[PDB]
Amino acid sequence: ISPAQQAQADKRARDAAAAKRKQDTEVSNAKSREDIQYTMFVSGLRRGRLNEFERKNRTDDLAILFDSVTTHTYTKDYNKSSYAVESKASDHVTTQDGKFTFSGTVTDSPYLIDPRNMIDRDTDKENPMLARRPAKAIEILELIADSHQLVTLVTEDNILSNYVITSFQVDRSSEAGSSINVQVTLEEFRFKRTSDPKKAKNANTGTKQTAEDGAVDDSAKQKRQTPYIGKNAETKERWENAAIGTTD
Amino acid sequence: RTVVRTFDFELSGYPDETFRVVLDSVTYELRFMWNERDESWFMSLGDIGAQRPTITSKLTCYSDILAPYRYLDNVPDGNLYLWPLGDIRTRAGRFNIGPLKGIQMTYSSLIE
Amino acid sequence: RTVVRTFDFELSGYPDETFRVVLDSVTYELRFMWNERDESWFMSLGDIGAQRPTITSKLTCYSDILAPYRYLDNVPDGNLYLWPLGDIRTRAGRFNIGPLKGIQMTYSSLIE
Amino acid sequence: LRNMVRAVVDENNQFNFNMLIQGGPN
Amino acid sequence: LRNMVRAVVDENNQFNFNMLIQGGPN
Amino acid sequence: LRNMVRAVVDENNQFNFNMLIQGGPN
Amino acid sequence: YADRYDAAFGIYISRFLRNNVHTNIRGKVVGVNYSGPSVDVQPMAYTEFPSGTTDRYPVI
Amino acid sequence: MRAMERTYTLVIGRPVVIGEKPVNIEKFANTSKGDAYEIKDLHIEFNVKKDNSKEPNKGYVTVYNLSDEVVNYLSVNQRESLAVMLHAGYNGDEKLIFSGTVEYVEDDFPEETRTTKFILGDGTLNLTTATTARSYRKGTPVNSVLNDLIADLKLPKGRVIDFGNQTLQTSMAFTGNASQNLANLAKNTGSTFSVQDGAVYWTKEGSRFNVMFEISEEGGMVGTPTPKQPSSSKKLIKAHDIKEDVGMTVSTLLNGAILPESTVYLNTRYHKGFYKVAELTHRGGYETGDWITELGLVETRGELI
Amino acid sequence: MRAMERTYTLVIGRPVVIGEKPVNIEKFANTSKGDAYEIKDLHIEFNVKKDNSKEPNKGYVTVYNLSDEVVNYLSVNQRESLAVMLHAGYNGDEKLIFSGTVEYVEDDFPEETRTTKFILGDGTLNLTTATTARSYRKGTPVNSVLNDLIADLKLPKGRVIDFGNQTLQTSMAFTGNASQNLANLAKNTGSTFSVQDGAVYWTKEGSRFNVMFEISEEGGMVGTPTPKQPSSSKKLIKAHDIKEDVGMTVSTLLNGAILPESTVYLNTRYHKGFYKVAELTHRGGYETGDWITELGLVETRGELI
Amino acid sequence: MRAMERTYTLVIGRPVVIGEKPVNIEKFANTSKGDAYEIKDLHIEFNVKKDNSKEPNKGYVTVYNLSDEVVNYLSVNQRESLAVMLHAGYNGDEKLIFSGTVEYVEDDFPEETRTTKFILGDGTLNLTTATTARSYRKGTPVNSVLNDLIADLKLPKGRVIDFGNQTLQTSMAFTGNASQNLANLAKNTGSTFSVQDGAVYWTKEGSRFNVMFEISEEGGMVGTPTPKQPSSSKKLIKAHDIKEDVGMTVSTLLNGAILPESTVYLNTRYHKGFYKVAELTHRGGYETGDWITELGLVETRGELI
């Protein structure tokens, strides 16, 4: 070995570590703000669903439209006891979470570039292929799934809410070049501070200990006491030490 | 009456917080209620699982809260005070209570 | 004062090594800190889980480290020395400590 | 799948506790 | 499938009984 | 597959041994 | 050592007898009542565990 | 918009040393370096049972793929009792769920994944080594005997119900472990004694303390309550009458702000009323598994102490 | 044409109350309303072991999807000992297979299916609470001591073999539970004492009673007999000699008309001869599972009592 | 060219009879016909644990599809203690791995495959029946008491460390089983007593014996060593100091030439040093399963006896 390599291993570690700080940071802030609401438009649009598509702005109610959706399926499940009941005892049944899946595609040669779509936030009007639209979609897709957003689906018949993404697939086969096939799967979510005191309810926090690195917690960790900034050291000083004392 | 600082408190601002704390090796339960018109915190103190709180009082800065109540077997004998870390004129608020939020609610125990 | 060699040490060069060792059937924890400006090792000795180390000193060659401290119930009564295997003029370094690296840190125990 | 095994082990422990502690006036 | 688990639990109980009761003249 | 079951039985035996033998100066 | 199932019961029984099952013990009289003869006894035996702990009988 | 995701924290501190004053596990959290070894984002499986009896409450924990430094710190101190605290909740707060000493620790690292194991005891060291030697004469007030023995145990007094003007009927002597002697006084006076999360609780059987907790579909209940006998055996009856003898079972999402000696109100559609608590079991699988708590309730027939 | 299908019945009666005369579980079957709660066509899983020893015979049962009324009737009486009887057979008759008291009961109803649990004891209440206080002097006939102690136990006498003209050699005193004292007299006189389905059986070790049962392929045998040791440990030997020490195992379709103290004849192609019975285990799965009984046989070397 | 394949042998001999001299299981191998029943090429599963404590070392074995003659020979002798030896290795040699008496034996033959079971004890008969009655006065040398009691036990002396010039401080009396009395003398003098493969081992705690075994990747190690506590509980400490309290774990391919009281050297890349042995477990599946041994090591802090 030689120092020339030590100046090279550091580069290998530094650049690789920088990748997490980018990806890992973005998800953190994406979860630190609940105002944004994502929505997806699978079919539906031209049969009067435009009434609510126009409601979507470019800052809070982001909308996603795929260049084409081939199929989408919706299904629910139930189960019942397999043993004869004692007799009416109609409570021997349970409801499972409904599933939703669909297949789509994103192409380098779009036919409709409506700017309201969040995929086309800043896409060039005259050169769609240099905008690299398929890469734009994937970057959006991972962030939504990673942050665990409660997505809302607008479909042909009904509207579904509180659906989370559990898996998706992307591939670029030899056929259909210059495009990507996308599959998604979603399931229901049976979800159940600054608040109005009139809405407040008695809460609990269990047993609690010394809170945060304070003037007393510092002593426990052997940290040196934080010096006091001398904005005023004439009034409190005579009283602070006499009445509150010092950690010792 | 020598006394030593031995505990500090923090409040998340929720109007009906309730939690259990241990002081002087004894355990107590505390309730904090926020008053809108008077913009002040109301503190209730009592034993664990007690039917009713033993002491109820209004929190204020530089006032000895427990002063008139050191004659009961279930009340701490230490000192409970609220004093500010910033400008001395700041009065207790909703979100400004904590080790670094501006107001330092603290408990100190006599040396025995 | 007859003494017999009974233990040897090695250092990997990490600037903040800390490990536990057993000497004379008693157990101790050691900390080694590397000083940049003084290019020397700082050794701290204390009991297992102790709040603070009992002894802190700077390591040097052919100097009896424990000499002034054989009056405490938690300090080994043996001899701790650093002497070189190569040229006698070599002084203690960072990576040159070990059974074959150039400097032999060793502990020896009196015969009782 | 460990869920299935834990249940059987729990039931066996219950049977043993019952065997040790049964009847009696105290 | 509980058949497989019951067998292993039974064997362990057998081993424990053997450990408690062994040897001895009585 | 008996490997999976033996592990759980072993862990339960370990817990019982700990329950019997704990603390104490001897 | 502590792996067998029987050794656990052995230690548990040994420890159980330590805190109960008192049968006989020597002692010395420290308090005497002459009306309705009765005496206060201070047992003499004791043991010290390796953990630096001691067991003392109280005055009876 | 977010989801409702679990969170937890595990802390390891200095060895616990018993002295001549009540032990508080809180003050041992800080290590010689200051801040303690905190473990947040690693798959963890734990099981913590609690009860109101002589035996301490014990909890089990498992952690996968720990860093070598942390394991090294536990390879050392294997002769000592490290203090540990556990927290759990939902992404906005974490309530204390267990605190005690590391009774056992072992590591197995077959090929792909290491798996550390723990067994924790709630005050095991004090309850199993606190010796006593006390005596009293005829006429002594029983209320004095109780306080004398508890101070010997060296633990904070969570809650106690004094006996009043009760007096001993015969001379008494106490030796051996203090916990065992107190547990014997429980039988002959209808009182329950049990240490929990470091707090000593002395109450009276049959009676109960307000609605400190309410259970309903809004309160994250899981399934309907079902009646389950509180003991694995039945006693002969004259058919003290005040004693227990009945109970029920309920399950709920993990909530560490509950204790065996507390009181709960059950607001369901079939069952309604007040119950005591008798047993707790906390389970948890961070990446996969349940995050719920199970309560064993017991009916009460005494006065409202 | 039909098939050969299983059938069973389960009955629950009034609480059992011990008095000043032998207890018969038969007379407690009827409830205050008259007819008892009978359960016939519900999937049931049960396991019932029987033996000849001090401990009572205990059996376990599980029932799926019970009506709320029946479960309510068991939520009440949780302080009491309900009498229960179980029957089983093949579509034409059902033989008594167990009778005792409900020691334990619990209900778990997670989502789809409720599952009730039971633990039943054969005379557990009497065997564990019948106190005694008796004494005798030198010269007393041992045959008188035996009868005196059994009457104290308050159970019907299934079968007893008196001692003849035996006389006590030393003064004797008996206290505590009567069952324990009798079980001690067994060791020193080579007699076996064990209660079963309410009947007291006192016999002599080594000896056996006709061919009350014959086992063969026609008799619904299941597999060939295999030799299995009757105990999990071996005793040191001089190599009373009359004692047991050998046995075999057999399995057969469920047949409740068998008891541990009976005698059986084994007509197979390899093994042939007479054996005692030592242990029974009845298993059953109505919709799915076995419907067989397992017998542990022991060789005999004594006289044909 | 060959592969590296497993091999084993199992031998069954005459009944063991204790007499007035040390028992050697070697001399009982031959049967009345001469050569013993050897079983080589049949799928076998066995588990053999060993330790250094009062209890004997016990091992379990299972054999599939045995010939009827061999099973018949074990149907007889069910009252007696047949001597058994087990060997294992790799296609070129087989080291003695266990030797003792058949405590238990049972056969189950459901339809397709018979499965014989065994439970073997290492000197169980001697350790549980050797009575003693001895006494000594003040001033007696302790070294004489030790030798007197061991000769009573009737086993060969594997290794003993005499006490020197130690003398009794108070009069002593010993009765009951000799093993129990010796195990009590262990506590009060810091000595370890444990019988193993017929050999009596008496050593001193904390101290250890050369590098009789070296563990490394060349020595067929399996995975890295991991630190595991040597006991399932923690003791209170003053923080005899010389006692144990620490350990480690290792696994290796089956090697019967190891004993609990031996000493091993651990040549790995992380851990290096000398350790005592405390526990052994031998596992084996001939056709399918592991063929490895597990060692529980304990750190030492005493003199190099």
# chains A, B, ... in the order shown; residues from 1 in each chain; ligands from 1

call {"tool": "calpha_fit_and_write", "arguments": {"fixed": "chain D", "moving": "chain E", "output": "PDB file with N, CA, C and O atoms, in the first residue's frame"}}
result
ATOM      1  N   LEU E   1     -44.412 -18.488  11.748  1.00  0.00           N
ATOM      2  CA  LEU E   1     -44.799 -19.858  12.066  1.00  0.00           C
ATOM      3  C   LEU E   1     -44.510 -20.169  13.532  1.00  0.00           C
ATOM      4  O   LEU E   1     -45.132 -21.047  14.123  1.00  0.00           O
ATOM      5  N   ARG E   2     -43.566 -19.430  14.119  1.00  0.00           N
ATOM      6  CA  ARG E   2     -43.269 -19.614  15.533  1.00  0.00           C
ATOM      7  C   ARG E   2     -44.497 -19.343  16.386  1.00  0.00           C
ATOM      8  O   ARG E   2     -44.570 -19.789  17.537  1.00  0.00           O
ATOM      9  N   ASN E   3     -45.460 -18.598  15.845  1.00  0.00           N
ATOM     10  CA  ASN E   3     -46.717 -18.371  16.543  1.00  0.00           C
ATOM     11  C   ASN E   3     -47.411 -19.682  16.878  1.00  0.00           C
ATOM     12  O   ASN E   3     -47.933 -19.842  17.986  1.00  0.00           O
ATOM     13  N   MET E   4     -47.433 -20.621  15.935  1.00  0.00           N
ATOM     14  CA  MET E   4     -48.079 -21.901  16.192  1.00  0.00           C
ATOM     15  C   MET E   4     -47.376 -22.646  17.322  1.00  0.00           C
ATOM     16  O   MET E   4     -48.032 -23.242  18.184  1.00  0.00           O
ATOM     17  N   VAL E   5     -46.043 -22.619  17.340  1.00  0.00           N
ATOM     18  CA  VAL E   5     -45.297 -23.378  18.341  1.00  0.00           C
ATOM     19  C   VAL E   5     -45.457 -22.757  19.721  1.00  0.00           C
ATOM     20  O   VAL E   5     -45.588 -23.466  20.730  1.00  0.00           O
ATOM     21  N   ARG E   6     -45.410 -21.427  19.796  1.00  0.00           N
ATOM     22  CA  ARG E   6     -45.533 -20.766  21.087  1.00  0.00           C
ATOM     23  C   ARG E   6     -46.855 -21.118  21.752  1.00  0.00           C
ATOM     24  O   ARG E   6     -46.924 -21.271  22.973  1.00  0.00           O
ATOM     25  N   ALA E   7     -47.922 -21.252  20.962  1.00  0.00           N
ATOM     26  CA  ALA E   7     -49.219 -21.582  21.541  1.00  0.00           C
ATOM     27  C   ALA E   7     -49.196 -22.950  22.208  1.00  0.00           C
ATOM     28  O   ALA E   7     -49.698 -23.112  23.329  1.00  0.00           O
ATOM     29  N   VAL E   8     -48.617 -23.948  21.541  1.00  0.00           N
ATOM     30  CA  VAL E   8     -48.572 -25.282  22.122  1.00  0.00           C
ATOM     31  C   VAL E   8     -47.704 -25.291  23.370  1.00  0.00           C
ATOM     32  O   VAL E   8     -48.053 -25.926  24.379  1.00  0.00           O
ATOM     33  N   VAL E   9     -46.565 -24.599  23.335  1.00  0.00           N
ATOM     34  CA  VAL E   9     -45.722 -24.543  24.525  1.00  0.00           C
ATOM     35  C   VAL E   9     -46.470 -23.874  25.673  1.00  0.00           C
ATOM     36  O   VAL E   9     -46.383 -24.310  26.829  1.00  0.00           O
ATOM     37  N   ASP E  10     -47.218 -22.812  25.377  1.00  0.00           N
ATOM     38  CA  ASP E  10     -47.992 -22.141  26.412  1.00  0.00           C
ATOM     39  C   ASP E  10     -49.024 -23.075  27.011  1.00  0.00           C
ATOM     40  O   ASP E  10     -49.211 -23.105  28.232  1.00  0.00           O
ATOM     41  N   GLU E  11     -49.717 -23.841  26.171  1.00  0.00           N
ATOM     42  CA  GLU E  11     -50.726 -24.753  26.692  1.00  0.00           C
ATOM     43  C   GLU E  11     -50.092 -25.808  27.586  1.00  0.00           C
ATOM     44  O   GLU E  11     -50.647 -26.163  28.635  1.00  0.00           O
ATOM     45  N   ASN E  12     -48.931 -26.330  27.192  1.00  0.00           N
ATOM     46  CA  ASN E  12     -48.271 -27.313  28.041  1.00  0.00           C
ATOM     47  C   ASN E  12     -47.866 -26.707  29.378  1.00  0.00           C
ATOM     48  O   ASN E  12     -48.020 -27.349  30.428  1.00  0.00           O
ATOM     49  N   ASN E  13     -47.357 -25.478  29.365  1.00  0.00           N
ATOM     50  CA  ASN E  13     -47.037 -24.816  30.624  1.00  0.00           C
ATOM     51  C   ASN E  13     -48.279 -24.653  31.486  1.00  0.00           C
ATOM     52  O   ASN E  13     -48.226 -24.833  32.709  1.00  0.00           O
ATOM     53  N   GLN E  14     -49.402 -24.304  30.868  1.00  0.00           N
ATOM     54  CA  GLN E  14     -50.647 -24.173  31.617  1.00  0.00           C
ATOM     55  C   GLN E  14     -51.027 -25.490  32.276  1.00  0.00           C
ATOM     56  O   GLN E  14     -51.415 -25.519  33.450  1.00  0.00           O
ATOM     57  N   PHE E  15     -50.930 -26.591  31.533  1.00  0.00           N
ATOM     58  CA  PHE E  15     -51.261 -27.887  32.114  1.00  0.00           C
ATOM     59  C   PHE E  15     -50.360 -28.200  33.293  1.00  0.00           C
ATOM     60  O   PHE E  15     -50.831 -28.711  34.315  1.00  0.00           O
ATOM     61  N   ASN E  16     -49.065 -27.917  33.176  1.00  0.00           N
ATOM     62  CA  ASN E  16     -48.166 -28.192  34.294  1.00  0.00           C
ATOM     63  C   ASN E  16     -48.495 -27.334  35.511  1.00  0.00           C
ATOM     64  O   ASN E  16     -48.460 -27.829  36.646  1.00  0.00           O
ATOM     65  N   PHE E  17     -48.806 -26.053  35.303  1.00  0.00           N
ATOM     66  CA  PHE E  17     -49.198 -25.215  36.432  1.00  0.00           C
ATOM     67  C   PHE E  17     -50.444 -25.766  37.102  1.00  0.00           C
ATOM     68  O   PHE E  17     -50.529 -25.809  38.333  1.00  0.00           O
ATOM     69  N   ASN E  18     -51.425 -26.191  36.308  1.00  0.00           N
ATOM     70  CA  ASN E  18     -52.613 -26.787  36.900  1.00  0.00           C
ATOM     71  C   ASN E  18     -52.266 -28.035  37.691  1.00  0.00           C
ATOM     72  O   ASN E  18     -52.786 -28.236  38.792  1.00  0.00           O
ATOM     73  N   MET E  19     -51.390 -28.880  37.156  1.00  0.00           N
ATOM     74  CA  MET E  19     -51.026 -30.095  37.873  1.00  0.00           C
ATOM     75  C   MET E  19     -50.398 -29.764  39.218  1.00  0.00           C
ATOM     76  O   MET E  19     -50.714 -30.401  40.227  1.00  0.00           O
ATOM     77  N   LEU E  20     -49.513 -28.773  39.258  1.00  0.00           N
ATOM     78  CA  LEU E  20     -48.880 -28.426  40.527  1.00  0.00           C
ATOM     79  C   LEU E  20     -49.886 -27.825  41.500  1.00  0.00           C
ATOM     80  O   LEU E  20     -49.958 -28.230  42.664  1.00  0.00           O
ATOM     81  N   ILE E  21     -50.676 -26.860  41.040  1.00  0.00           N
ATOM     82  CA  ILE E  21     -51.590 -26.121  41.901  1.00  0.00           C
ATOM     83  C   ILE E  21     -53.020 -26.576  41.654  1.00  0.00           C
ATOM     84  O   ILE E  21     -53.620 -26.226  40.634  1.00  0.00           O
ATOM     85  N   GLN E  22     -53.583 -27.339  42.587  1.00  0.00           N
ATOM     86  CA  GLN E  22     -54.934 -27.844  42.408  1.00  0.00           C
ATOM     87  C   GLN E  22     -55.569 -28.115  43.759  1.00  0.00           C
ATOM     88  O   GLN E  22     -54.884 -28.436  44.731  1.00  0.00           O
ATOM     89  N   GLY E  23     -56.891 -27.976  43.805  1.00  0.00           N
ATOM     90  CA  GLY E  23     -57.637 -28.313  45.004  1.00  0.00           C
ATOM     91  C   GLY E  23     -57.194 -27.496  46.200  1.00  0.00           C
ATOM     92  O   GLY E  23     -56.867 -26.313  46.091  1.00  0.00           O
ATOM     93  N   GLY E  24     -57.266 -28.079  47.398  1.00  0.00           N
ATOM     94  CA  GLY E  24     -56.679 -27.466  48.612  1.00  0.00           C
ATOM     95  C   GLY E  24     -57.527 -26.404  49.272  1.00  0.00           C
ATOM     96  O   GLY E  24     -58.251 -25.721  48.550  1.00  0.00           O
ATOM     97  N   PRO E  25     -57.458 -26.205  50.603  1.00  0.00           N
ATOM     98  CA  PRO E  25     -58.316 -25.245  51.231  1.00  0.00           C
ATOM     99  C   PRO E  25     -57.620 -23.880  51.236  1.00  0.00           C
ATOM    100  O   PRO E  25     -58.302 -22.869  51.181  1.00  0.00           O
ATOM    101  N   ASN E  26     -56.287 -23.842  51.284  1.00  0.00           N
ATOM    102  CA  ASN E  26     -55.574 -22.543  51.463  1.00  0.00           C
ATOM    103  C   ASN E  26     -55.815 -21.632  50.273  1.00  0.00           C
ATOM    104  O   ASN E  26     -55.294 -20.515  50.345  1.00  0.00           O
TER     105      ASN E  26
END

call {"tool": "interface_residues", "arguments": {"of": "chain A", "to": "chain I", "cutoff": "6 Å", "atoms": "only C-alpha atoms", "output": "ChimeraX atom specification"}}
result
/A:80-81,85-86,92-93

call {"tool": "select_by_dssp", "arguments": {"residues": "range 1-247 of chain A", "states": "helix (DSSP H, G or I)", "output": "ChimeraX atom specification"}}
result
/A:3-31,45-53,118-120,133-146,197-199,217-220,235-243

call {"tool": "closest_atom_pairs", "arguments": {"of": "chain C", "to": "chain H", "cutoff": "10 Å", "atoms": "only C-alpha atoms", "output": "Markdown table"}}
result
| residue | atom | partner | partner_atom | distance |
| --- | --- | --- | --- | --- |
| C:18 | CA | H:73 | CA | 10.0 |
| C:19 | CA | H:76 | CA | 8.6 |
| C:20 | CA | H:76 | CA | 7.3 |
| C:29 | CA | H:76 | CA | 9.6 |
| C:48 | CA | H:77 | CA | 7.7 |
| C:49 | CA | H:15 | CA | 6.4 |
| C:50 | CA | H:32 | CA | 7.5 |
| C:51 | CA | H:32 | CA | 5.7 |
| C:52 | CA | H:32 | CA | 7.2 |
| C:53 | CA | H:32 | CA | 9.5 |

call {"tool": "write_last_selection", "arguments": {"atoms": "N, CA, C and O atoms", "output": "short mmCIF file (atom, residue, chain, number, x, y, z; two decimals), in the first residue's frame"}}
result
data_model
loop_
_atom_site.label_atom_id
_atom_site.label_comp_id
_atom_site.auth_asym_id
_atom_site.auth_seq_id
_atom_site.Cartn_x
_atom_site.Cartn_y
_atom_site.Cartn_z
N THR C 18 -9.89 1.23 24.25
CA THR C 18 -10.32 0.96 25.62
C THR C 18 -10.66 -0.51 25.73
O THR C 18 -11.44 -1.04 24.93
N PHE C 19 -10.08 -1.18 26.73
CA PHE C 19 -10.29 -2.61 26.90
C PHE C 19 -10.06 -2.98 28.36
O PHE C 19 -9.52 -2.19 29.14
N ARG C 20 -10.47 -4.19 28.70
CA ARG C 20 -10.38 -4.70 30.07
C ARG C 20 -9.29 -5.76 30.15
O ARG C 20 -9.16 -6.60 29.26
N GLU C 29 -9.87 -1.84 33.99
CA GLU C 29 -10.16 -1.31 32.66
C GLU C 29 -9.17 -0.20 32.35
O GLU C 29 -8.85 0.63 33.21
N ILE C 48 -13.57 -1.46 37.22
CA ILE C 48 -14.60 -1.75 36.23
C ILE C 48 -15.85 -0.96 36.58
O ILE C 48 -16.33 -0.98 37.72
N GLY C 49 -16.39 -0.24 35.60
CA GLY C 49 -17.60 0.54 35.81
C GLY C 49 -17.43 1.72 36.74
O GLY C 49 -18.42 2.26 37.23
N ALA C 50 -16.19 2.14 37.00
CA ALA C 50 -15.97 3.27 37.88
C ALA C 50 -16.39 4.57 37.19
O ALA C 50 -16.31 4.71 35.97
N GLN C 51 -16.86 5.52 38.00
CA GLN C 51 -17.28 6.81 37.45
C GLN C 51 -16.11 7.56 36.84
O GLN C 51 -16.26 8.16 35.77
N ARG C 52 -14.96 7.55 37.50
CA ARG C 52 -13.78 8.27 37.02
C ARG C 52 -12.56 7.37 37.17
O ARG C 52 -12.55 6.51 38.05
N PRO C 53 -11.54 7.55 36.34
CA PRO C 53 -10.34 6.73 36.48
C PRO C 53 -9.57 7.06 37.75
O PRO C 53 -9.55 8.20 38.22
#

call {"tool": "residues_around", "arguments": {"residues": "range 164-171 of chain H", "least_positions_apart": "4", "cutoff": "10 Å", "atoms": "only C-alpha atoms", "output": "PyMOL selection string"}}
result
(chain G and resi 60) or (chain H and resi 135-145)

call {"tool": "select_by_dssp", "arguments": {"residues": "range 7-102 of chain C", "states": "strand (DSSP E or B)", "output": "PyMOL selection string"}}
result
chain C and resi 7-8+16-23+26-35+40-46+55-58+79-84+97

call {"tool": "residues_around", "arguments": {"residues": "residue 54 in chain J", "least_positions_apart": "4", "cutoff": "10 Å", "atoms": "only C-alpha atoms", "output": "PyMOL selection string"}}
result
(chain G and resi 1+4+6-7) or (chain J and resi 127+179-180+182-184+192-195)

call {"tool": "write_last_selection", "arguments": {"atoms": "C-alpha atoms", "output": "mmCIF file, in the first residue's frame"}}
result
data_model
loop_
_atom_site.group_PDB
_atom_site.id
_atom_site.type_symbol
_atom_site.label_atom_id
_atom_site.label_comp_id
_atom_site.auth_asym_id
_atom_site.auth_seq_id
_atom_site.Cartn_x
_atom_site.Cartn_y
_atom_site.Cartn_z
ATOM 1 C CA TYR G 1 -23.252 -27.138 36.858
ATOM 2 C CA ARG G 4 -29.310 -30.058 34.180
ATOM 3 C CA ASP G 6 -32.400 -31.480 38.488
ATOM 4 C CA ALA G 7 -29.715 -29.063 39.689
ATOM 5 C CA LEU J 127 -23.932 -42.362 41.981
ATOM 6 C CA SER J 179 -22.022 -38.531 45.999
ATOM 7 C CA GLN J 180 -24.250 -36.041 47.813
ATOM 8 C CA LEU J 182 -18.875 -35.143 48.421
ATOM 9 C CA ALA J 183 -20.804 -32.513 46.457
ATOM 10 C CA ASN J 184 -21.357 -30.667 49.749
ATOM 11 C CA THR J 192 -15.158 -29.426 41.672
ATOM 12 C CA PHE J 193 -16.364 -33.037 41.814
ATOM 13 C CA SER J 194 -17.945 -34.795 38.846
ATOM 14 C CA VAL J 195 -17.910 -38.305 37.427
#

call {"tool": "residues_around", "arguments": {"residues": "residue 128 in chain H", "least_positions_apart": "2", "cutoff": "7 Å", "atoms": "only C-alpha atoms", "output": "ChimeraX atom specification"}}
result
/F:23-24 /H:124-126,130,177

call {"tool": "closest_residue", "arguments": {"among": "J:107, J:279, J:245, J:261", "to": "chain H", "atoms": "only C-alpha atoms"}}
result
J:245

call {"tool": "closest_atom_pairs", "arguments": {"of": "chain H", "to": "chain J", "cutoff": "9 Å", "atoms": "only C-alpha atoms", "output": "Markdown table"}}
result
| residue | atom | partner | partner_atom | distance |
| --- | --- | --- | --- | --- |
| H:17 | CA | J:239 | CA | 8.2 |
| H:71 | CA | J:227 | CA | 8.9 |
| H:75 | CA | J:227 | CA | 6.3 |
| H:78 | CA | J:246 | CA | 6.8 |
| H:79 | CA | J:245 | CA | 6.3 |
| H:80 | CA | J:234 | CA | 7.7 |
| H:81 | CA | J:234 | CA | 7.7 |
| H:102 | CA | J:234 | CA | 8.6 |
| H:103 | CA | J:233 | CA | 5.6 |
| H:104 | CA | J:232 | CA | 5.9 |
| H:105 | CA | J:229 | CA | 6.3 |
| H:106 | CA | J:228 | CA | 4.3 |
| H:107 | CA | J:228 | CA | 5.8 |
| H:108 | CA | J:226 | CA | 6.2 |
| H:109 | CA | J:226 | CA | 6.9 |
| H:110 | CA | J:223 | CA | 6.4 |
| H:111 | CA | J:223 | CA | 6.8 |
| H:119 | CA | J:232 | CA | 8.9 |
| H:125 | CA | J:236 | CA | 7.4 |
| H:129 | CA | J:236 | CA | 8.2 |

call {"tool": "closest_residue", "arguments": {"among": "H:157, H:131, H:19, H:46", "to": "residue 49 in chain G", "atoms": "only C-alpha atoms"}}
result
H:131

call {"tool": "residues_around", "arguments": {"residues": "residue 281 in chain I", "least_positions_apart": "3", "cutoff": "7 Å", "atoms": "only C-alpha atoms", "output": "ChimeraX atom specification"}}
result
/I:48-50,293-295

call {"tool": "write_last_selection", "arguments": {"atoms": "N, CA, C and O atoms", "output": "compact mmCIF listing (two decimals), in the first residue's frame"}}
result
# COMPACT_ATOMS: atom_id res chain seq x y z
N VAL I 48 -58.03 -37.51 27.37
CA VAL I 48 -58.35 -37.97 28.71
C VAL I 48 -57.35 -39.05 29.09
O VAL I 48 -57.35 -40.14 28.49
N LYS I 49 -56.51 -38.78 30.08
CA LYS I 49 -55.57 -39.77 30.58
C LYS I 49 -56.07 -40.33 31.91
O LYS I 49 -56.65 -39.63 32.73
N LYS I 50 -55.82 -41.62 32.11
CA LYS I 50 -56.19 -42.31 33.34
C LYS I 50 -55.02 -43.16 33.81
O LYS I 50 -54.19 -43.60 33.01
N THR I 293 -57.94 -45.36 21.51
CA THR I 293 -57.52 -45.44 22.91
C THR I 293 -56.21 -46.19 22.98
O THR I 293 -55.99 -47.14 22.22
N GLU I 294 -55.33 -45.78 23.89
CA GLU I 294 -54.02 -46.39 24.07
C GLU I 294 -53.93 -47.00 25.46
O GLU I 294 -54.28 -46.35 26.45
N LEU I 295 -53.45 -48.24 25.53
CA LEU I 295 -53.35 -48.98 26.77
C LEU I 295 -51.89 -49.30 27.05
O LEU I 295 -51.17 -49.75 26.15
